[PDB]
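Accompanying notes for the structure given below.
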Amino acid sequence: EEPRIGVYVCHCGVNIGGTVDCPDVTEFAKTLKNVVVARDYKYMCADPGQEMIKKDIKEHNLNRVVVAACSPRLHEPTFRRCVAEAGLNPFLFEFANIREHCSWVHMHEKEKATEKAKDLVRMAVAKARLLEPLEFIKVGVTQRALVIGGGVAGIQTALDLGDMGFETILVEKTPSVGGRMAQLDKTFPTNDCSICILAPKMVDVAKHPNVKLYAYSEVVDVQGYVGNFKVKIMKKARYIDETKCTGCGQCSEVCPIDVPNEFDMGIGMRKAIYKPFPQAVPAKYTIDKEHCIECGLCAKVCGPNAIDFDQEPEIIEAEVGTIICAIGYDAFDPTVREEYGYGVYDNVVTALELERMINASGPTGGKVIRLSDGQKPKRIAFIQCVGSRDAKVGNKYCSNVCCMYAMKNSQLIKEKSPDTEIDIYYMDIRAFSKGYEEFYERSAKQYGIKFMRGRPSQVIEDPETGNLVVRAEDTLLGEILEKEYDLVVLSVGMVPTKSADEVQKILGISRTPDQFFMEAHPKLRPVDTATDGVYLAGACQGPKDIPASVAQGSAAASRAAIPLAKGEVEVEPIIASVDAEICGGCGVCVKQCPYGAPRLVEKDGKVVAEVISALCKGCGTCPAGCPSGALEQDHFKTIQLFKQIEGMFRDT
Amino acid sequence: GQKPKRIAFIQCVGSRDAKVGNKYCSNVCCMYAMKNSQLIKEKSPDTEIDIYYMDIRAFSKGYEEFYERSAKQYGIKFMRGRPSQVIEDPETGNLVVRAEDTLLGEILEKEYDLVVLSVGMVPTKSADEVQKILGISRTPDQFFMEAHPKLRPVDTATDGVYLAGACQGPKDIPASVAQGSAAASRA
Amino acid sequence: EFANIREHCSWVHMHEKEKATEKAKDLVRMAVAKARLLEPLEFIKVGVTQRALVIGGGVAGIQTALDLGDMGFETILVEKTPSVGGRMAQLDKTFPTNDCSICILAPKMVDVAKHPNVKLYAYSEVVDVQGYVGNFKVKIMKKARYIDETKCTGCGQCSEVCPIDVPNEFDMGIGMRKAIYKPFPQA
Amino acid sequence: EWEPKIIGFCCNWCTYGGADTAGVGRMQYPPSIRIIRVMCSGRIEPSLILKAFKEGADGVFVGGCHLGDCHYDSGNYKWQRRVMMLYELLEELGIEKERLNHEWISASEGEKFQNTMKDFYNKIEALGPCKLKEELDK
Amino acid sequence: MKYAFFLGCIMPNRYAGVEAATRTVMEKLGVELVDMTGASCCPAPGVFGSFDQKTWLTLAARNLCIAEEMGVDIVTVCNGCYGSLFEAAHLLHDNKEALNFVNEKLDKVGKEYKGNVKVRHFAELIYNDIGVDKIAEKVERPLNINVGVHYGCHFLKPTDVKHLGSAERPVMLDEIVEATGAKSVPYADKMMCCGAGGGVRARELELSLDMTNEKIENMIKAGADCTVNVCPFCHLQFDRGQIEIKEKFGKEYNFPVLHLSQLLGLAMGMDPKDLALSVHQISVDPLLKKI
Amino acid sequence: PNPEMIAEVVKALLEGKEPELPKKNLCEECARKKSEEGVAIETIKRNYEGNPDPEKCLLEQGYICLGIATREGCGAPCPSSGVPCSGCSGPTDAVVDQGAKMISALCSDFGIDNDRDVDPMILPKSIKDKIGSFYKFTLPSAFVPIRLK
Amino acid sequence: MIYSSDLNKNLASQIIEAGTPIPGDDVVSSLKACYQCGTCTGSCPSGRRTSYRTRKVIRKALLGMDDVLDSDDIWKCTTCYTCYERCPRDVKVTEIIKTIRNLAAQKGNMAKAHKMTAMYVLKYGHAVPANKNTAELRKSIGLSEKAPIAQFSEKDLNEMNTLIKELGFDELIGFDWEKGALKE
Ligand SMILES: Cc1cc2nc3c(=O)[nH]c(=O)nc-3n(C[C@H](O)[C@H](O)[C@H](O)COP(=O)(O)OP(=O)(O)OC[C@H]3O[C@@H](n4cnc5c(N)ncnc54)[C@H](O)[C@@H]3O)c2cc1C
Ligand SMILES: Cc1cc2nc3c(=O)[nH]c(=O)nc-3n(C[C@H](O)[C@H](O)[C@H](O)COP(=O)(O)OP(=O)(O)OC[C@H]3O[C@@H](n4cnc5c(N)ncnc54)[C@H](O)[C@@H]3O)c2cc1C
Ligand code: SF4
Ligand code: SF4
Ligand code: SF4
Ligand code: SF4
Ligand code: SF4
Ligand code: SF4
Ligand code: SF4
Ligand code: SF4
Ligand code: SF4
Ligand code: SF4
Ligand code: SF4
Ligand code: SF4
Ligand code: FES
Ligand SMILES: [Fe+3]
């Protein structure tokens, strides 16, 4: 069939028209072969513009449409629907970016920008002619979800999904769920105990009939695509029989080896056989073989005979339709900011260490004390933005929660010791959500917490007392302060968790400049990822507080439940396929695909390659590497791209 | 009808203010003020823009970066000081902003062609009628009350009734889109 | 039986520990007193009508109805004004990406308007809600536009003649519309 | 009197987004380039670049995701092996290695794209027109 | 190793003993110091950089060209000259607009910088290319005394271009002075400025002396017998400044000041007369008695 | 061209029929064994380097064999005789530039088992005559068919 | 009371142009990234004994307070680079101070001692030239009586004089070639 093209040039008000001579581009478009219609309009994505194309498709029996406007990354779907509504296959539509790529970057070179627009229209028209009608692929959706990360975000996703009746699997790396929230004493702005909100949720999730909790486990492999993922979970060896274990802890009293408690950030000492924290779920014990001496003293006191040193990790194979990544975050390591002396001075601590210090169930028994002499500090300084809003450490973002937790812990210290003087060294107080500004007002008016606008330059320890001096400018007075303190708290920012690299590679997701996971679109798809069937929830997507993380957990459950509820999803057909009449089975394509879609096979007595359509994500690497030209990626065929290259210089 | 050559944005208008009864932060004003300042600079680079603020709250992904950009790329200026008053010149229509540059300990009296007030968010007018029909409550900020700020951010104490968006509290588009999705799950 | 000694005692009597302790004892005794005469009651199991109602057609409400409709649930979306889109439809661009607000919102407004599981009632208001979770009986008033909905082309030639100028709410009182009007072009 | 003719090849997930971000930010750069969109830089192979020079390209640009950040995991690693041989093949054919430029630019890196376009334009402008098409048209 | 020896101003024209000390010390370590004939002021960034940046870079490039024509890299014993020529070289390599401007000026005197010159500070050259082990092998007279090590500012900062490690907690000089049998005593605000830089000594003398005095007090409280620097400017400030502190404030210390080359010279058995300690404002005799 | 092919083409034209050439690449006709897992190249050898196995595909052995980018029909006499295919029959109908496709394929599979860490400079440093290795018989039909002087 | 009429709006841009191409547009434009945190002032050794506040210099530059060019405070910075090393916004503080001083020099705000220093390099190629005592010291120390420097090379002195005239540095300091001395 001979191409019948319709070229539409958008002015985008004056965004394009003001730089590109759109009427002139339209005239030029008509001089190209197969162009039956060419029209310029103020807003092509508007109702009049869409109706103009739909009407022309029918009235001029068009089989190709070219929209010379903004980016396909913005309106490709809009125009796809528009043409499909008129009966034109959506893959016979071609976008020409003359705004972001031309009018907006060549504002002071109008003539050349008009010439460039003409070439881009010609390049599009050149590819358009050889475009083909394609049909989306329909795949079934396994009615099961997988949540990776047992923090408040992941727990929320698992609870909502299980409450909806969907079989859900929740994988948690450490021996207990709860995440960083479990480590906090109180939570802003209500000053509720972390346990107040988190523990009931941990309880519910552990006994949910639709949720299978795999604690002390890790996802080691994920293969497949949306609705058809095959996952491998490694159930790490605890060396204790969970079904037999009571969680009494008679064993903890007998164990003679001491290991630094990770949950207490190295400020606590645990045993080889342990329970992360007293309210841990599952309320079971674990043996750290890295430090266990195998004396068997713990076994002598265990009544149910649960201790088994011959335990081997189990690989569980599970099939899931959707996956929610909620692996959380890690606290920034402030050793790098050498001027603040963390790791050098004993009385300089991070706010997360302080949380464990101020928590009743912590190592110091809820007593804030100096690590140098064990004495309670009479004077405390909080340093805001440590590891955030700082280019020298590579973190040019706001860690979101540091202003609030600094004020919260200051309130908590004042309730326990009103005589304690607390000074917060800040740049901006970010109390931006419901009750936050009120919480900020309260810290000063009710608790008498003082605020100094000045990012400190350095901290200096007195080697004889252990006291610290904070050097900073009181910017609101234009004077330099050199106040002494008994303890300095560094309000450390949030950074991605250490395992993030391993999870990224397993799920095939991307990261934003802040190193956290990347959402499909910031404004409209805040929990989806560009990888279909893979969603995000909580701090692994970006620094945020508990209210927001719980909301994301719920949001992810909704988004992840859409494919599950539909039970069928579609996939883009911009995939690779082999022309069997040309493929002589050279085997070059096989190892190029990271998803193993191209495979060698026997057909009619001979060897030929065959792509497993469902495993192809549509990159175009193996067709580019095919020496016979038998392999082609629909919508990005070598001939299609060849004509596009010719289009820049001449009409095809 | 003339294009303004000098513009002043006044932050926290109707927010963080006990005299008007709004002791909360409206969350989006710091960001939209910097945004619109960038859009005015793109359309008219010669335009001088000054933002009168107390705290710049660029707290989410890409926000601090957006704030850095407004100053480094667009040359938008920031003055830390909540203005005391605006005075119009009856002869020209120009406005004068009286404020203390708190970072210098000096009083400024800069003239502008247009003054923009970064107004906060308040509940919609119909909120009173909708409250009475659903049987839901309001928080001190007059917005609708969630069951629990962290245990249930989109549920209300009234079973089968949920919230989504700015009616629950001042927030931006993604936070509102996330709540919309959250409410759909809970509902 | 619950005895509230935190929000109602410990958090409001922090500087009067002995009296707070005495008050907690009485509240425990008051609870124990009611507890003795409490009776076992059977929770009423009620069915849930497979239908949701979203009140408000902004980015939040649109998101809720789209997710619910995408899950296969019959959803009703009630919007007060003649068009959906909310305040986001009034914005020019959106921070921190400076994306065109309506240019990214219209596709969702379109999706909602033609969603097979969503019934959009624009220019309508919920006037009564009766019942309880899973069994709400709702009354929606489909306000009269005074223009045949089906015979309406949306060309806009009857407004020129109208002698009454009304301040355009969509344009925040700057613009002037007629008694007969349209909220915005991408409505 | 003469302006370079530069063709570009940008992956849909990063560089194409990077290039769009430069536009959103009004980051002005020379109007010589014309970008062709592909899903991954892995789609780029020697024949697409050689075809461009045949057609009369003064410069050829290729942009993909940062190594390790390919939306398709390892598409750019293949392109990286392909481009290194291509640089040397072009020298063997008398085409200055500099006429080919490949870079790793993420979607948020609009400033990098703007500067890469500025630097590449200056490079090709300094080299002058690639006289291959004129030599072939004889 | 062959290096064009940049001399600067203060070392060759005032504290000449530093020059003599360097020449032999470097010869003992196996470094051929060739004369950078016709070299001028670096020029001092404190005055020139502060007056006109274009003049500072053009004149610095003119000096860089002398070593480039010689086909060798530069070595200097002054932080001021190191900073000036090193920053100039980095800028001419990283910035083409600046290089183009400078070469358009150098064309008027028949010169052209091509970016082949590397600028080295003798302490880091000793630390990274020769080795601290070689210093000890050549020690004829071990100097068992306490030293208040003054790194100066233009030695390791700016770190973004110097790449000589930490500017907050460095070991480089401490390890070089300790190799002579000495002890680098830890003192308060060790990495702080002497006060002379950026033209402060000349325009704001009392302010410069206040900082120098703080540094001397801290070193004396730490138990130092002297101060060792790697900068004729720091040298003059510590030495001549002690007379100024006495004439203005009335505080006397008589704290010996030495340049690292002079300290390494003593260590390598040089005649104190050849190190020209006699032209110093503060007598080094008390330190000479301790060694 | 093989004598039988010449006759086949001439005969078809005398009969009025349109002549049809074989479409696949040479590995179809080559009798050498291929790895089911796919092709992986560890090193690149010049034809005189080492002693090649007579059964294993010469491309998997490290020799630049053009059979992968060359049209079938000849019967693959070169690999069967112990030397790599030089690509004398030219490319298939779906490949305009044979050399370019051969380089693409070769670069793609070079060090594919160590894909992310293999040095991308080993291949260009090893092939000291690129045009002669990939355009022996087709340089004039290539996109860049000459050397600029 | 600071009114719009007392401010020079283009001062920041003016500081950036003075810094283009040396030390660089990207270097000096970094002042626009400043968020007035105070880290620079807190790190300033000079600021601990004077009224000098590094952060205020940058503030005055962004606000447009011309008096910063007439201030003695900008001349109290020793160029220790501590602020440059610690700024969380990548402001190249030390370089901005030096470029502000360039504008100060152009206004006539140059100390006489500094002009003298500049004149010595112009006349003898050296800021600290050799005298009679230098020759005698060098002789007794075993060094060449006259160092191989521009001071004793007319070729090199003339080269410098050509560059100085081309850069207009002689006019900047107010040097009269005929009289061989500075003016004012
Ligand atoms: C000092 C400090 C104080 C704070 N105070 C407050 C406050 O008062 N109020 C407030 O609202 N917010 C506060 N925050 C923020 C709060 O900590 C987060 O919002 C909250 O922890 C988010 O939980 P999450 O589920 O998103 O991630 P996380 O809490 O970090 O949980 C992540 C979970 O995933 C697991 N995981 C990690 N990797 C893997 C893997 N590969 N496989 C399986 N599982 C994995 C982890 O073990 C963990 O259980 C504070 C933060 C800090 C640092
Ligand atoms: C000046 C300004 C600039 C801003 N800029 C940005 C920005 O750049 N980026 C960003 O992310 N956010 C921005 N925001 C915030 C943004 O406007 C909100 O996040 C967004 O409007 C919230 O959407 P919503 O659906 O929750 O509420 P709305 O957008 O207000 O939508 C509510 C909808 O419900 C309808 N409705 C009201 N009452 C009833 C009733 N009784 N019955 C039925 N329907 C009813 C309304 O007519 C409306 O259509 C800005 C806000 C302001 C004020
Ligand atoms: S189609 Fe694209 S360029 Fe045209 S009006 Fe719409 S958003 Fe603007
Ligand atoms: S003694 Fe046994 S049952 Fe008790 S907590 Fe320890 S392992 Fe579990
Ligand atoms: S056998 Fe292992 S777990 Fe038991 S007491 Fe010994 S070290 Fe502890
Ligand atoms: S929340 Fe506050 S302390 Fe944390 S990075 Fe942001 S401004 Fe700094
Ligand atoms: S690379 Fe091409 S010719 Fe070779 S096996 Fe694959 S499809 Fe067949
Ligand atoms: S085109 Fe990409 S995803 Fe598709 S089968 Fe080939 S290598 Fe795999
Ligand atoms: S978001 Fe900004 S302008 Fe708005 S109320 Fe908060 S501090 Fe004020
Ligand atoms: S003239 Fe007015 S009422 Fe009639 S169809 Fe047109 S817009 Fe509707
Ligand atoms: S030796 Fe050559 S023709 Fe034979 S199978 Fe291998 S690559 Fe193909
Ligand atoms: S070189 Fe020619 S005859 Fe030999 S195998 Fe290759 S195509 Fe066939
Ligand atoms: S340290 Fe940097 S951001 Fe802070 S006040 Fe100084 S220059 Fe500005
Ligand atoms: S470089 Fe100057 S302004 Fe900066 S800290 Fe040093 S003396 Fe202060
Ligand atoms: S997607 Fe950008 S390189 Fe593969
Ligand atoms: Fe649009």
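Residues are referred to by chain and number: the chain letter is A, B, ... according to the order shown in the structure tokens, the number counts from 1 in that chain, and ligands are numbered separately from 1 in the order shown.
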
Taking only C-alpha atoms into account, what are the residues of chain A at most 12 Å from chain E, put as a CSV table (one decimal) with C-alpha atoms, in the first residue's frame?
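What landed in selection17.csv:
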```csv
chain,number,residue,atom,x,y,z
A,336,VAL,CA,34.3,12.2,55.5
A,337,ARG,CA,33.4,15.7,57.0
A,338,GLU,CA,36.7,15.6,58.9
A,339,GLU,CA,36.1,19.0,60.4
A,340,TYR,CA,33.2,17.6,62.5
A,341,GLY,CA,35.5,14.9,63.9
A,344,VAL,CA,37.9,10.8,66.0
A,392,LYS,CA,31.8,18.3,48.8
A,458,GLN,CA,34.3,22.8,62.5
A,459,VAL,CA,34.1,20.9,65.8
A,460,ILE,CA,37.2,20.9,68.1
A,461,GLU,CA,37.6,18.5,71.0
A,462,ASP,CA,39.3,19.4,74.2
A,463,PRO,CA,41.6,16.3,74.7
```

Protein and nucleic acid residues within 7 Å of ligand 3 (only C-alpha atoms and all ligand atoms) as a PyMOL selection string: (chain A and resi 10-13+16+42-46+69-71+75+99) or (chain C and resi 103)

Closest pair table for chain A residues within 10 Å of chain C, only C-alpha atoms, as CSV:
```
residue,atom,partner,partner_atom,distance
A:45,CA,C:103,CA,7.8
A:46,CA,C:186,CA,6.5
A:47,CA,C:186,CA,7.1
A:48,CA,C:186,CA,9.6
A:74,CA,C:104,CA,7.4
A:75,CA,C:104,CA,8.2
A:77,CA,C:107,CA,8.6
A:78,CA,C:107,CA,6.5
A:81,CA,C:107,CA,9.9
A:415,CA,C:14,CA,8.9
A:521,CA,C:97,CA,9.9
A:522,CA,C:97,CA,8.2
A:523,CA,C:94,CA,8.5
A:524,CA,C:104,CA,8.2
A:525,CA,C:63,CA,9.8
A:555,CA,C:67,CA,9.7
A:558,CA,C:67,CA,6.8
A:559,CA,C:67,CA,6.9
A:560,CA,C:71,CA,9.9
A:561,CA,C:71,CA,6.9
A:562,CA,C:71,CA,4.8
A:563,CA,C:71,CA,7.7
A:564,CA,C:71,CA,8.1
A:565,CA,C:71,CA,5.2
A:566,CA,C:71,CA,6.3
A:567,CA,C:71,CA,9.7
```

Residue subset to file, keeping N, CA, C and O atoms, as a short mmCIF file (atom, residue, chain, number, x, y, z; two decimals), in the first residue's frame:
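This went into part.cif:
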```
data_model
loop_
_atom_site.label_atom_id
_atom_site.label_comp_id
_atom_site.auth_asym_id
_atom_site.auth_seq_id
_atom_site.Cartn_x
_atom_site.Cartn_y
_atom_site.Cartn_z
N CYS A 45 -1.99 18.94 20.55
CA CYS A 45 -2.48 18.01 21.58
C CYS A 45 -3.87 18.42 22.12
O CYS A 45 -4.47 17.63 22.85
N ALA A 46 -4.39 19.62 21.76
CA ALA A 46 -5.72 20.06 22.21
C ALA A 46 -6.83 19.36 21.42
O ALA A 46 -6.57 18.79 20.36
N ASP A 47 -8.06 19.40 21.94
CA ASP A 47 -9.22 18.76 21.31
C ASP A 47 -9.35 19.13 19.82
O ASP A 47 -9.50 18.24 18.97
N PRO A 48 -9.25 20.41 19.45
CA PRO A 48 -9.35 20.78 18.03
C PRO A 48 -8.28 20.13 17.16
O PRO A 48 -8.57 19.69 16.05
N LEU A 74 6.58 12.89 26.08
CA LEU A 74 5.48 13.63 26.71
C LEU A 74 4.11 13.25 26.13
O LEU A 74 3.22 12.85 26.88
N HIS A 75 3.93 13.39 24.80
CA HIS A 75 2.65 13.11 24.13
C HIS A 75 2.59 11.91 23.16
O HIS A 75 1.60 11.78 22.46
N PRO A 77 1.89 8.78 23.75
CA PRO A 77 0.64 8.06 24.05
C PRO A 77 -0.61 8.82 23.64
O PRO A 77 -1.56 8.22 23.15
N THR A 78 -0.63 10.14 23.83
CA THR A 78 -1.78 10.96 23.47
C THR A 78 -2.09 10.83 21.99
O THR A 78 -3.23 10.57 21.62
N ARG A 81 -3.31 7.20 20.88
CA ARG A 81 -4.73 7.02 21.14
C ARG A 81 -5.53 7.77 20.08
O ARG A 81 -6.46 7.22 19.50
N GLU A 415 12.37 16.68 78.05
CA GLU A 415 11.37 16.03 78.91
C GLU A 415 12.08 15.18 79.96
O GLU A 415 11.65 15.14 81.11
N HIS A 521 7.61 8.67 36.64
CA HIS A 521 7.45 10.10 36.44
C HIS A 521 7.22 10.72 37.81
O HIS A 521 6.42 10.21 38.59
N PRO A 522 7.94 11.79 38.14
CA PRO A 522 7.78 12.39 39.47
C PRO A 522 6.39 12.82 39.87
O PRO A 522 5.96 12.59 40.99
N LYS A 523 5.72 13.52 38.96
CA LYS A 523 4.40 14.07 39.22
C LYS A 523 3.24 13.12 39.11
O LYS A 523 2.39 13.12 39.99
N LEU A 524 3.17 12.33 38.03
CA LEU A 524 2.02 11.45 37.80
C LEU A 524 2.19 9.95 38.09
O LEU A 524 1.17 9.28 38.30
N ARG A 525 3.40 9.40 38.14
CA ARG A 525 3.57 7.99 38.49
C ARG A 525 4.66 7.94 39.57
O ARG A 525 5.76 7.46 39.34
N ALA A 555 0.02 3.36 48.15
CA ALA A 555 -0.03 3.73 46.74
C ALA A 555 0.53 2.60 45.88
O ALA A 555 -0.07 2.24 44.87
N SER A 558 -1.85 -0.23 45.43
CA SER A 558 -2.91 0.07 44.47
C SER A 558 -2.39 -0.12 43.07
O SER A 558 -3.00 -0.83 42.28
N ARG A 559 -1.26 0.51 42.76
CA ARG A 559 -0.65 0.42 41.45
C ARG A 559 -0.30 -1.02 41.12
O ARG A 559 -0.60 -1.49 40.03
N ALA A 560 0.31 -1.73 42.06
CA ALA A 560 0.67 -3.13 41.87
C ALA A 560 -0.56 -4.05 41.77
O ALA A 560 -0.46 -5.13 41.20
N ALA A 561 -1.72 -3.64 42.32
CA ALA A 561 -2.93 -4.47 42.26
C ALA A 561 -3.66 -4.33 40.92
O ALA A 561 -4.52 -5.16 40.62
N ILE A 562 -3.36 -3.29 40.13
CA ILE A 562 -4.03 -3.10 38.85
C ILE A 562 -3.77 -4.29 37.90
O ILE A 562 -4.73 -4.91 37.45
N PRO A 563 -2.51 -4.66 37.61
CA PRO A 563 -2.29 -5.82 36.73
C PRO A 563 -2.86 -7.10 37.33
O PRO A 563 -3.41 -7.93 36.60
N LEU A 564 -2.74 -7.27 38.65
CA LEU A 564 -3.24 -8.45 39.34
C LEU A 564 -4.76 -8.55 39.19
O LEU A 564 -5.27 -9.63 38.89
N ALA A 565 -5.47 -7.44 39.39
CA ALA A 565 -6.93 -7.41 39.27
C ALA A 565 -7.38 -7.65 37.82
O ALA A 565 -8.35 -8.38 37.61
N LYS A 566 -6.68 -7.05 36.85
CA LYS A 566 -7.01 -7.22 35.43
C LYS A 566 -6.75 -8.67 35.01
O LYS A 566 -7.51 -9.24 34.22
N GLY A 567 -5.66 -9.24 35.52
CA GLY A 567 -5.25 -10.60 35.22
C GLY A 567 -4.69 -10.73 33.82
O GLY A 567 -4.49 -11.84 33.32
#
```

Surroundings of ligand 11 up to 10 Å, based on only C-alpha atoms and all ligand atoms, as a PyMOL selection string: (chain A and resi 584-588) or (chain F and resi 25-35+39+54-61+63-72+75-80+82-87)

Residues within 8 Å of stretch 123-125 of chain F, only C-alpha atoms, excluding chain neighbours under 3 positions, as a list in words: residues 84, 85 and 88 of chain D; 44, 107, 110, 120 and 128 of chain F

Can you spit out the residues from that selection as a tab-separated table (two decimals), in the first residue's frame, using N, CA and C atoms?
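Just written: result00.tsv:
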```tsv
chain	number	residue	atom	x	y	z
D	84	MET	N	34.77	1.88	19.47
D	84	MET	CA	36.23	1.94	19.54
D	84	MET	C	36.87	1.45	18.24
D	85	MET	N	36.31	0.39	17.64
D	85	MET	CA	36.82	-0.13	16.37
D	85	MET	C	36.51	0.86	15.27
D	88	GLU	N	38.97	3.83	14.82
D	88	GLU	CA	40.15	3.41	14.07
D	88	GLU	C	39.81	3.15	12.60
F	44	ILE	N	41.57	-12.59	19.28
F	44	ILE	CA	41.54	-12.50	17.83
F	44	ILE	C	42.91	-12.85	17.31
F	107	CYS	N	32.53	-7.16	17.13
F	107	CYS	CA	32.68	-6.35	18.34
F	107	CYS	C	31.67	-6.77	19.39
F	110	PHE	N	32.89	-10.14	20.92
F	110	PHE	CA	34.23	-10.20	21.48
F	110	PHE	C	34.16	-9.98	22.98
F	120	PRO	N	37.62	-2.70	25.71
F	120	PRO	CA	37.16	-2.42	24.34
F	120	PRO	C	38.27	-2.01	23.37
F	128	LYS	N	45.32	-4.92	12.74
F	128	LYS	CA	46.23	-3.94	12.18
F	128	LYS	C	45.90	-3.54	10.73
```
